[PDB]
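The structure appears right after this line, and notes come after that.
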Amino acid sequence: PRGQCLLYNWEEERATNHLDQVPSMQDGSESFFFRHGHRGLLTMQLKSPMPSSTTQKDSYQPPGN
Amino acid sequence: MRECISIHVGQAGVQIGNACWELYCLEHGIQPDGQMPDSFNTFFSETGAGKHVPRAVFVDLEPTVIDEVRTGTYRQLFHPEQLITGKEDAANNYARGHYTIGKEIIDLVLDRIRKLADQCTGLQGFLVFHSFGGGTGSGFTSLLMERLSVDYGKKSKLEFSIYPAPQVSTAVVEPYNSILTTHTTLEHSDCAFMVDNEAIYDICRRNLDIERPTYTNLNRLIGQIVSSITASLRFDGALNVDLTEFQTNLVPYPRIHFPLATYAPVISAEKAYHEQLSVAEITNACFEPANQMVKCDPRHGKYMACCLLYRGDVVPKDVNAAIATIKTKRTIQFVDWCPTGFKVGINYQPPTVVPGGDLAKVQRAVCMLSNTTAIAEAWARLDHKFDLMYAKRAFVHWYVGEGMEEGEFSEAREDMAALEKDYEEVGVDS
Amino acid sequence: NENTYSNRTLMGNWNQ
Amino acid sequence: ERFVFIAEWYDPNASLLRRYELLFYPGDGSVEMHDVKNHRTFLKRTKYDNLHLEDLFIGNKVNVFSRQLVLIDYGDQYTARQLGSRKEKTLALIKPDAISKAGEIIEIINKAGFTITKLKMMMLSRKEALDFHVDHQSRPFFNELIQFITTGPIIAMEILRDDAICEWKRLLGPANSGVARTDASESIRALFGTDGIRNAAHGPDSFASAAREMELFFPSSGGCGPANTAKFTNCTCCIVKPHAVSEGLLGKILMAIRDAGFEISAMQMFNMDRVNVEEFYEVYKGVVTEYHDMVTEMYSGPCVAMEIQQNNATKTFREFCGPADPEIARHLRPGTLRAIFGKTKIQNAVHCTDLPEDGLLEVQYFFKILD
Amino acid sequence: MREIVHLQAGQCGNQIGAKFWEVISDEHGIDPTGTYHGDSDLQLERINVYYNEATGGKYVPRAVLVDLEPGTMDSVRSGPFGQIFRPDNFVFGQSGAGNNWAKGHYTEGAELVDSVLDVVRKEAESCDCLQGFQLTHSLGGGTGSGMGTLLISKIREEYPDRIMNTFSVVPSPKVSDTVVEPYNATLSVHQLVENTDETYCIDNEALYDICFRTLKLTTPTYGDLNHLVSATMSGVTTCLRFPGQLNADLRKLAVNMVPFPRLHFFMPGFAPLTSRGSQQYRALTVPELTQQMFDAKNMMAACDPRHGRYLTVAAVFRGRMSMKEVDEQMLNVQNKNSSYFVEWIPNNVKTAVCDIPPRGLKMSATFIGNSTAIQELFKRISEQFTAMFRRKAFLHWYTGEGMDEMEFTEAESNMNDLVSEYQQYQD
Amino acid sequence: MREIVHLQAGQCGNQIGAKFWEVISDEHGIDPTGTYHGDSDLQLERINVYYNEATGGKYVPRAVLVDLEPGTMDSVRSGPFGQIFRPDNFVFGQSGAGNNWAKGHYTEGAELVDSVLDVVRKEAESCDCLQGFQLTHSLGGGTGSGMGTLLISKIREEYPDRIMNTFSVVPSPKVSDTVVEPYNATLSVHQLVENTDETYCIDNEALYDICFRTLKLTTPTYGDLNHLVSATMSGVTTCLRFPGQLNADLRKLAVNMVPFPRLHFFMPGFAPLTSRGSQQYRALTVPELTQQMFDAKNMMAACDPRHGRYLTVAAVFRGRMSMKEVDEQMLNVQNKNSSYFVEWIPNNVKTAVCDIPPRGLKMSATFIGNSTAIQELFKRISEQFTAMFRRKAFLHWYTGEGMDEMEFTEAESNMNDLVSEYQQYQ
Ligand SMILES: Nc1nc2c(ncn2[C@@H]2O[C@H](COP(=O)(O)OP(=O)(O)OP(=O)(O)O)[C@@H](O)[C@H]2O)c(=O)[nH]1
Ligand SMILES: Nc1nc2c(ncn2[C@@H]2O[C@H](COP(=O)(O)OP(=O)(O)O)[C@@H](O)[C@H]2O)c(=O)[nH]1
Ligand SMILES: Nc1nc2c(ncn2[C@@H]2O[C@H](COP(=O)(O)OP(=O)(O)O)[C@@H](O)[C@H]2O)c(=O)[nH]1
Ligand SMILES: [Mg+2]
């Protein structure tokens with residue numbers, strides 16, 4: 001894979017091998033495959049829902065008796 | 001039979017109106033559907049289907065805070081025409097809210113005021129909830145107060161307005177909209193209960209032990225003050241007050257109508273039952289400057305009038321003994337021209353605890369509304385801030401480009417220059 | 001000033 | 001190793017339900033408490049002898065340092081696997097031919113180890129009998145079967161145990177009494193069955209059918225089911241206390257009453273609240289100082305209410321129960337129920353109508369207003 | 001409601017725009033087909049701002065994609081989201097600009113603006129209540145700087161009472177990817193200062209340094225940089241589309257941060273950035289966002305804020321949180337850094353709060369800042385503009401198209417007055 | 001109308017002080033929840049002495065809990081009876097005292113006591129008629145001996161005309177659980193003899209031998225030692241809240257006992273103690289309690305009474321009993337032990353009888369002794385001080401914070417003044 005030898009920021013490459021190693025030489029280069037950008041950037045847990053938790057909705061609830 | 005009409009304008013007015021009108025629904029046991037499972041007639045008008053609808057007006061120029069109400073818990077309770085939405089907001093500018101944008105929707109509001117005020121058999125007055133630091137809250141209010149006094153002549157107009165904090169800030173042009181609208185509301189109002197946000201941030205940490213509050217924690221504490229003020233008109237007690245009444249016992253002159261609002265006791269549910277809450281220890285808490293809900297120190301100033309309002313299992317005997325101890329304290333100073341400063345109004349109902357809140361179930365409570373000359377310290381700082389920014393003529397092109405003259409800036413400074421001259425002529429001893 | 005208790009605890013003017 | 005349970009306690013001041021974490025260590029018998037809301041310790045590791053491992057099941061009330069905590073949840077997957085996995089809930093029926101030996105049957109069940117949570121002696125009408133025997137609607141013996149189930153009162157019981165369905169069906173055994181006597185005489189049907197048709201017992205076979213039987217008998221909606229066998233004439237009231245029910249002497253009390261000769265007019269099980277207990281002991285307020293002790297003992301758990309008939313086999317029921325203190329009862333009248341089954345003046349395992357005036361009012365409060 | 005008409009000119013604007021319409025498609029849960037596949041109803045209540053309703057429940061962007069060369073239009077329509085842009089919104093010329101301002105502003109960029117102004121006027125009148133305009137381009141190119149600034153002049157004289165925001169790519173000394181671009185940078189900012197209310201200067205050393213020290217990517221292609229630009233572009237209007245405790249639209253940002261009509265050059269930043277290995281370890285907390293906010297390393301322009309003094313700063317927060325730790329933190333940083341704010345204006349910080357953070361994230365905050373250290377950006381271009389104009393280098397490509405040499409003299413004369421007045425209010 | 005304020009400092013005083021609250025709440029019938037749960041009306045007639053009625057019919061103690069580290073404050077709050085205290089009475093710091101006397105009195109204790117007496121000033125003002133104080137501490141450390149001595153001198157300046165009484169655990173010869181222990185003991189007796197009206201000395205070794213021989217315990221853990229001290233705390237002041245045959249409050253136990261202002265260190269005791277095996281073989285009557293009262297094994301200090309003389313002895317009997325057999329029998333002790341009691345004072349004995357015995361035991365009698373034999377407990381601390389002070393050992397921690405060397409010379413000189421007066425009257 002990538003980052004086998006222990007120099008030049010190998011730890012981050014070992015961490016992100018599974019995100020940026022999805023091509024199988026069908027696309028020639030990592031630059032060509034990620035010209036649009038890396039798959040997970042500025043966040044993780046890519047499958048995630050938009051929360052319905054609004055401040056007013058969680059504050060003013062139906063008051064049960 | 002005694003009806004009160006509440007007006008909430010701005011973003012502050014609507015978000016208080018979410019928490020203020022939660023308590024009114026829970027005090028009379030009114031469900032969010034609008035139906036109970038004659039003390040409610042001050043806020044709720046009867047319908048033949050047994051449906052109670054509030055006597056309130058919600059005004060804003062952005063519908064992005066009122067659509068939260070229309071899709072909230074109380075969507076079936078408020079009238080579809082008692083929530084008025086503009087299209088574009090005033091965008092933190094006084095001239096947008098007074099001349100160009102706030103002029104277009106003023107005719108719809110007074111149409112709805114006239115429909116509400118006609119069904120009131122006996123109307124006592126108006127209550128206003130707004131913010132000085134906003135474009136709508138300070139702009140729309142300034143002409144709304146003008147066109148209310150023209151139509152309705154000599155009714156009461158009390159204010160519940162949020163002042164900018166001395167250190168905590170939201171906007172950057174808040175000296176402009178604070179200076180400009182006080183030139184208008186000085187002669188078109190009767191009394192102005194005044195609050196801020198820094199003072200309630202301090203109280204919610206040291207008393208209720210909430211380290212990280214939101215506006216909803218602040219809105220309920222403001223929403224508890226308005227209840228005990230109005231509590232005489234709703235329920236019966238030993239001796240009652242009125243919206244006509246404390247207007248007469250808190251302002252000596254037409255130019256000075258700025259009291260200071262304080263509430264006690266504020267305590268959590270855990271700490272309440274180990275302490276004993278005597279009537280003395282809740283009225284010696286209001287006079288402490290650390291409990292005051294305006295960021296100013298009354299030791300610098302001198303009291304001029306005071307109003308005391310009580311609830312719950314209170315005896316008229318120990319109120320007289322508690323006030324008599326206060327009059328012997330040297331750290332509280334009165335003016336020489338007011339030998340009798342206090343008024344006591346007593347109601348029987350203990351305050352109601354909101355489920356999901358942090359205030360405890362209490363047996364007695366007190367709200368103290370003192371006129372004090374130490375509010376001139378609060379205006380000395382902001383009059384200084386206006387001069388330091390108007391020197392370089394900053395932000396003025398936002399104001400002259402909407403329709404108002406530049407000459408309104410110098411006139412509103414001379415008004416609060418002479419208002420500052422008035423406060424030391426009142427606090428000087430004879 | 002004074003800590004008011006129940007009637008049983010012999011404190012203050014319990015007699016009346 | 002420890003077991004975690006989430007518990008509710010009702011604060012008398014704030015009228016607030018409060019959630020706590022209760023940790024019990026079964027190796028050494030010590031408890032510990034934590035606060036969910038404040039994330040702080042409420043009670044350190046303290047040896048508490050009163051709490052025991054047999055008292056830990058969901059829905060139970062335990063008194064931990066003068067606080068009544070009701071267990072509502074499982075703390076973690078470990079205790080959810082160790083305790084709640086094996087436990088099953090099933091139904092038991094006592095037929096009219098086994099009413100005389102119902103106490104001995106209950107004693108047999110208590111030796112088997114079932115926990116009784118609901119109990120009701122009642123008479124079944126024709127429509128309720130049809131709903132009970134809807135599976136037997138093809139009519140092999142339906143006429144005589146319906147006549148037998150309707151001609152007399154039955155007792156319906158809810159019993160909880162590990163492998164409850166299999167254990168109860170193994171306890172009952174074969175339906176034919178002669179076949180059961182031939183195969184294994186130790187079964188309940190073998191011991192107390194006069195014939196195959198009069199099996200003197202009943203047990204469900206499957207989960208859905210058993211749930212249907214509970215929906216028929218003990219309705220979860222809260223509505224009134226079949227009527228109780230309350231006669232309201234020449235009757236007195238007697239309560240089997242929660243400590244006696246948890247100890248398991250209920251069958252012995254039933255057998256002792258039957259051997260004395262008083263007829264049990266009615267019998268039911270209740271889970272009372274503090275206000276109901278206070279208004280039941282309203283006559284004992286101001287008369288005795290341990291009124292609160294009697295109240296707390298009464299609502300500390302479920303109590304078995306009894307209506308007892310004719311009170312004249314040899315003596316009246318009050319002097320059959322004897323002196324209120326079990327030590328006095330043992331020292332002076334050794335044949336009394338409080339002497340046999342009593343521990344403390346507060347916990348003496350039976351309560352009797354001290355005033356002959358108040359017996360009908362107590363029976364009206366229990367078997368009419370409550371149900 | 002309040003509809004934002006996005007403009008998209010040049011080759012750089014097309015690639016930013018292709019990445020901008022990808023992020024807010026993830027935010028509103030819009031699939032590349034065009035339909036809606038979401039879960040919560042907070043996304044669909046305000047969707048008319050950026051997307052336009054069609055038949056069959058199909059939402060299309062209100063974007064105009066303009067370029068003089070059809071080469072990058074084929075790459076836009078063949079991207080991940082290439083089937084969602086309207087085919088009538090691709091206004092393309094036939095011949096390229098060729099990195100010349102005059103060709104894009106007077107000769108070849110003069111016929112194409114008539115076809116664009118038909119498209120813009122059709123889309124602007126279709127809005128119920130138009131809110132403003134938003135444009136992305138590059139100052140170092142021919143189509144983006146030459147012809148994008150021509151549309152700014154033509155829009156401003158038709159809808160005067162609106163707001164104009166630009167996300168312009170200012171050039172860099174070491175990322176000099178055109179030899180003539182100080183000519184195009186000087187002549188573009190002469191048109192920008194009179195017809196624009198907000199300007200967000202985006203640079204490339206600012207973005208390339210971030211991906212080395214903060215994200216530590218080994219191959220930071222342009223798809224990585226355009227995500228950081230598009231993250232700011234969605235975080236600035238996030239209260240216009242979502243509810244919150246304290247909302248702030250585009251006009252509220254222009255009111256607070258612009259004290260004078262020729263001070264409208266902001267300089268942005270985005271608060272939550274961390275490497276892939278540091279996702280699970282760092283605890284995202286309100287002081288953690290504010291500590292990264294004001295640092296010069298995360299800031300997205302090639303100017304050091306410590307060489308100048310701040311005038312006005314706005315921060316737009318997102319996420320469920322508490323106002324005390326918010327309000328305390330930008331009051332506390334004003335206390336220590338008392339020398340980094342001018343003393344003639346008090347309470348310089350604008351606070352804005354939303355409730356909906358972006359997907360996969362819990363708290364986010366976008367930094368917008370007016371500063372007098374942006375004069376360092378305009379002093380470098382102005383000293384490069386004079387160096388060729390002494391020797392008249394590359395001039396025959398300009399005076400052979402119609403413009404006189406005096407236009408170069410007045411372009412530097414107005415630009416030198418801007419750097420004269422930024423320095424005055426600093427001292 | 002007779003009010004006692006409690007204060008808890010240190011770790012040794014907190015655990016004994018916490019254990020004091022389970023004993024009296026058992027006698028007064030208070031639940032751990034806070035409700036009155038007993039059997040007699042006679043418990044509730046005098047609850048103002050220790051507790052405060054709050055809203056809702058619940059009782060809170062009148063005690064202030066102070067310690068520089070929050071570990072022991074969490075250990076008391078998380079107890080069985082810990083949920084009844086005031087949550088605003090918990091005053092704790094954030095840095096450990098480090099068992100240094102100069103850390104509890106000069107730097108880390110000097111910023112806390114502004115907030116410590118402020119709570120005490122609240123509880124003292126709301127009383128009707130304050131009677132005195134009760135503070136539990138230990139001489140052997142820097143926490144209990146640092147703020148405990150400091151809180152003595154600050155309160156006695158505000159309230160001079162009271163009786164401020166401390167229960168103090170003294171250092172022991174053989175146990176020695178602290179290395180700088182005679183240093184920190186001598187620095188507190190300098191101000192204990194000056195501003196304290198009644199001091200009771202408790203030993204850790206003497207409580208071990210009571211548990212080992214009289215009680216015949218196998219493993220006497222720390223849960224038992226605090227329960228012996230808690231009995232004598234609730235026995236000396238039982239005539240302020242129970243009706244008795246002859247009543248005697250603390251100021252009557254002040255005038256009778258101290259002839260001179262600097263001799264007020266008392267040796268206490270409890271007297272109906274028995275072992276488990278020999279409960280059925282012991283006769284319970286007043287002449288049998290008297291022998292157990294004057295027994296040397298039943299004293300809570302490592303001083304032999306046979307090697308000194310007695311100044312004044314008091315006894316608070318408890319339960320329904322005679323008065324002639326009480327008075328005739330404890331006079332028989334004085335005549336037979338004639339040489340041991342002093343000659344220049346007649347009637348060394350004061351006898352007090354209350355009519356309410358404690359929980360489950362039909363009689364009780366707490367011994368309190370003021371003898372000259374306590375000079376040897378004070379002599380051994382003085383001699384341990386000299387061996388370390390002549391080499392100036394362990395003294396860069398004190399001198400490194402602001403404490404002077406001339407302070408230590410004054411403390412030993414005043415300690416030698418105190419041992420001189422006991423021998424002078426002997
Ligand atoms: N305490 C408290 N203050 C509020 C609340 N809502 C708004 N505010 C105040 O409102 C100020 C912000 O200005 P806004 O009121 O939102 O502005 P506006 O009145 O809507 O005027 P425009 O936004 O221009 O339409 C803040 O400084 C707050 O002090 C609230 O719910 N509680
Ligand atoms: N950050 C960033 N910069 C870009 C991108 N595309 C182009 N550029 C910059 O734009 C400059 C060239 O612009 P150009 O294509 O000539 O503009 P045009 O002639 O108007 O189309 C180069 O210096 C690039 O650094 C992009 O996607 N991201
Ligand atoms: N009775 C009792 N004595 C204790 C306890 N803990 C410590 N001690 C004694 O206190 C002495 C040490 O004093 P120390 O607690 O360190 O003083 P502090 O630092 O002021 O709290 C030791 O010799 C112990 O014998 C306890 O829980 N109970
Ligand atoms: Mg607004």
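Ordered as shown in the structure tokens, chains take letters A, B, and onward, while each chain numbers its residues from 1 and ligands are numbered from 1 in the order shown.
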
So that I can see what lies close to residue 378 of chain F, please list as a short mmCIF file (atom, residue, chain, number, x, y, z; two decimals) with N, CA and C atoms, in the first residue's frame the residues with an atom at most 8 Å from it, counting only C-alpha atoms and leaving out residues fewer than 4 positions away in the same chain.
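Writing done, so here's result-v9.cif:
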data_model
loop_
_atom_site.label_atom_id
_atom_site.label_comp_id
_atom_site.auth_asym_id
_atom_site.auth_seq_id
_atom_site.Cartn_x
_atom_site.Cartn_y
_atom_site.Cartn_z
N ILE F 374 -1.96 14.69 83.35
CA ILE F 374 -1.92 15.03 81.93
C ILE F 374 -0.64 15.78 81.57
N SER F 382 7.04 17.73 74.41
CA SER F 382 8.13 18.69 74.59
C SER F 382 9.49 18.04 74.37
N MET F 415 4.93 25.95 76.35
CA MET F 415 4.65 24.56 76.70
C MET F 415 5.28 24.18 78.03
N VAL F 419 3.51 22.79 81.79
CA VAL F 419 3.87 21.63 82.59
C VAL F 419 4.38 22.04 83.97
#

Q.
Tell me as a ChimeraX atom specification which residues belonging to chain B come within 12 Å of chain C, counting only C-alpha atoms.
A. /B:275-281,318,321-322,325

Give me a file of those residues, with N, CA, C and O atoms, as a short mmCIF file (atom, residue, chain, number, x, y, z; two decimals), in the first residue's frame.
data_model
loop_
_atom_site.label_atom_id
_atom_site.label_comp_id
_atom_site.auth_asym_id
_atom_site.auth_seq_id
_atom_site.Cartn_x
_atom_site.Cartn_y
_atom_site.Cartn_z
N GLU B 275 -32.26 25.62 52.98
CA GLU B 275 -32.37 26.99 53.45
C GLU B 275 -33.81 27.30 53.83
O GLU B 275 -34.75 26.77 53.24
N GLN B 276 -33.98 28.16 54.83
CA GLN B 276 -35.30 28.62 55.23
C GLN B 276 -35.55 29.99 54.61
O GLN B 276 -34.77 30.93 54.81
N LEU B 277 -36.61 30.09 53.82
CA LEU B 277 -36.92 31.30 53.05
C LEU B 277 -37.93 32.11 53.84
O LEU B 277 -39.14 32.03 53.59
N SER B 278 -37.44 32.90 54.78
CA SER B 278 -38.30 33.82 55.51
C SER B 278 -38.64 35.02 54.62
O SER B 278 -38.02 35.24 53.58
N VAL B 279 -39.65 35.79 55.04
CA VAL B 279 -40.02 36.98 54.29
C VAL B 279 -38.92 38.03 54.38
O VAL B 279 -38.75 38.83 53.45
N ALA B 280 -38.15 38.03 55.47
CA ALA B 280 -37.03 38.96 55.58
C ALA B 280 -35.91 38.60 54.62
O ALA B 280 -35.33 39.47 53.96
N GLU B 281 -35.59 37.30 54.50
CA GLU B 281 -34.45 36.89 53.70
C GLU B 281 -34.72 36.89 52.20
O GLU B 281 -33.81 36.61 51.42
N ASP B 318 -45.26 40.72 58.97
CA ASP B 318 -43.80 40.63 58.90
C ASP B 318 -43.23 41.43 57.73
O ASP B 318 -42.03 41.72 57.72
N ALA B 321 -42.38 44.65 59.44
CA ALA B 321 -41.18 44.54 60.26
C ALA B 321 -39.92 44.41 59.41
O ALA B 321 -38.84 44.81 59.84
N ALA B 322 -40.04 43.83 58.21
CA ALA B 322 -38.88 43.67 57.35
C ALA B 322 -38.47 44.99 56.71
O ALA B 322 -37.28 45.29 56.60
N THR B 325 -36.68 47.31 59.19
CA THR B 325 -35.26 47.03 59.39
C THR B 325 -34.42 47.66 58.29
O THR B 325 -33.30 48.13 58.53
#

Q. Please, which residues of chain B lie no more than 12 Å from chain F when the count uses only C-alpha atoms, and can they be set out as a list in words?
A. residues 206, 207, 267, 268, 269, 270, 271, 272, 273, 274, 275, 276, 277, 278, 280, 281, 361, 362, 363 and 364 of chain B

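Based on only C-alpha atoms and all ligand atoms, the protein and nucleic acid residues found within 7 Å of ligand 3 are, by chain and then by number, residues 10, 11, 12, 15, 16, 99, 137, 138, 139, 140, 141, 142, 143, 144, 145, 171, 175, 176, 177, 178, 204, 222, 225 and 226 of chain F.
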
Q.
Would you pick out the contacts of residue 174 of chain F at 12 Å or less, using only C-alpha atoms, so that residues sharing its chain but fewer than 6 positions from it are not included, and give the list as a ChimeraX atom specification?
A. /F:203-206,208,302,380

Neighbourhood of ligand 1 at 8 Å, counting only C-alpha atoms and all ligand atoms, reported as an mmCIF file with C-alpha atoms, in the first residue's frame:
data_model
loop_
_atom_site.group_PDB
_atom_site.id
_atom_site.type_symbol
_atom_site.label_atom_id
_atom_site.label_comp_id
_atom_site.auth_asym_id
_atom_site.auth_seq_id
_atom_site.Cartn_x
_atom_site.Cartn_y
_atom_site.Cartn_z
ATOM 1 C CA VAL B 9 -41.859 43.510 18.576
ATOM 2 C CA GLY B 10 -38.409 42.505 17.336
ATOM 3 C CA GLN B 11 -36.547 39.256 17.741
ATOM 4 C CA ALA B 12 -36.309 39.722 21.511
ATOM 5 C CA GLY B 13 -40.063 40.246 21.797
ATOM 6 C CA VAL B 14 -40.987 37.030 19.992
ATOM 7 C CA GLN B 15 -38.478 34.849 21.854
ATOM 8 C CA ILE B 16 -39.621 36.263 25.193
ATOM 9 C CA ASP B 60 -41.100 41.219 13.240
ATOM 10 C CA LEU B 61 -39.691 42.032 9.822
ATOM 11 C CA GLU B 62 -38.100 38.592 9.435
ATOM 12 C CA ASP B 89 -35.441 42.390 8.169
ATOM 13 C CA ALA B 90 -34.317 45.873 9.178
ATOM 14 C CA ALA B 91 -30.704 44.562 9.169
ATOM 15 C CA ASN B 92 -29.399 46.277 12.329
ATOM 16 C CA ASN B 93 -30.282 49.820 11.231
ATOM 17 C CA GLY B 97 -37.009 50.254 10.776
ATOM 18 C CA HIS B 130 -38.424 44.924 22.386
ATOM 19 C CA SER B 131 -34.663 45.398 22.123
ATOM 20 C CA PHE B 132 -32.733 48.639 21.674
ATOM 21 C CA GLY B 133 -29.895 46.879 19.850
ATOM 22 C CA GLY B 134 -31.935 45.706 16.876
ATOM 23 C CA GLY B 135 -33.102 47.356 13.693
ATOM 24 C CA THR B 136 -36.731 46.320 14.137
ATOM 25 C CA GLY B 137 -36.863 46.426 17.941
ATOM 26 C CA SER B 138 -35.663 50.036 18.109
ATOM 27 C CA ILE B 162 -33.366 44.813 26.825
ATOM 28 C CA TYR B 163 -30.464 47.257 27.166
ATOM 29 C CA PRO B 164 -26.961 46.567 25.810
ATOM 30 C CA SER B 169 -21.807 42.867 22.993
ATOM 31 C CA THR B 170 -23.744 41.453 20.058
ATOM 32 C CA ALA B 171 -23.648 44.226 17.450
ATOM 33 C CA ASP B 196 -29.909 43.440 30.060
ATOM 34 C CA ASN B 197 -28.110 40.136 29.436
ATOM 35 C CA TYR B 215 -31.436 32.490 25.905
ATOM 36 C CA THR B 216 -34.220 30.126 27.008
ATOM 37 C CA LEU B 218 -32.776 33.992 30.385
ATOM 38 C CA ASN B 219 -36.245 34.296 28.843
ATOM 39 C CA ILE B 222 -37.750 37.694 32.444
ATOM 40 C CA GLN E 245 -31.093 31.852 18.436
ATOM 41 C CA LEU E 246 -29.709 34.991 16.765
ATOM 42 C CA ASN E 247 -29.924 35.309 12.982
ATOM 43 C CA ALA E 248 -27.809 37.476 10.687
ATOM 44 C CA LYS E 252 -26.488 42.498 8.647
#

Q: Let me have all residues with an atom within 9 Å of ligand 2, counting only C-alpha atoms and all ligand atoms, laid out as number ranges by chain.
A: E: 9-19, 67-69, 72, 96-100, 104, 137-148, 169, 171-172, 175-178, 202-204, 207-208, 221-226, 229

Q: Can you check which residues of chain D have any atom within 7 Å of chain F? Use only C-alpha atoms and format it as an NGL selection string.
A: :D and (13 or 41-44 or 65-66 or 289-290)

Q: Please provide as a PyMOL selection string all residues within 12 Å of residue 55 of chain D, with the sequence filter that same-chain residues fewer than 5 positions apart are discarded (counting only C-alpha atoms).
A: chain D and resi 24+26+50+60-63+70-71+83+115+243+246-247+301

Please, could you write that set of residues out with C-alpha atoms as a compact mmCIF listing (two decimals), in the first residue's frame?
# COMPACT_ATOMS: atom_id res chain seq x y z
CA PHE D 24 -25.41 -3.90 44.35
CA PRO D 26 -23.75 -9.76 45.42
CA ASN D 50 -31.76 -5.68 54.46
CA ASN D 60 -39.86 -3.85 42.63
CA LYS D 61 -39.77 -1.40 45.54
CA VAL D 62 -36.84 -1.52 47.97
CA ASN D 63 -36.36 0.65 51.07
CA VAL D 70 -38.61 1.62 42.54
CA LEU D 71 -36.43 -0.23 40.03
CA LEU D 83 -31.12 -11.59 35.36
CA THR D 115 -43.05 -14.93 42.52
CA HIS D 243 -43.32 -8.94 54.43
CA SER D 246 -42.26 -11.88 50.35
CA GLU D 247 -41.28 -14.40 53.03
CA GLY D 301 -44.99 -3.91 48.93

Q.
With only C-alpha atoms as the counted atoms, please give the residues lying no more than 9 Å from residue 64 of chain D, apart from itself and same-chain residues fewer than 4 positions off, as number ranges by chain.
A. D: 48, 50-51, 68-69

Q) Can you tell me how far atom CA of residue 212 of chain D sits from atom CA of residue 114 of chain D, in Å to one decimal? A) 20.8 Å
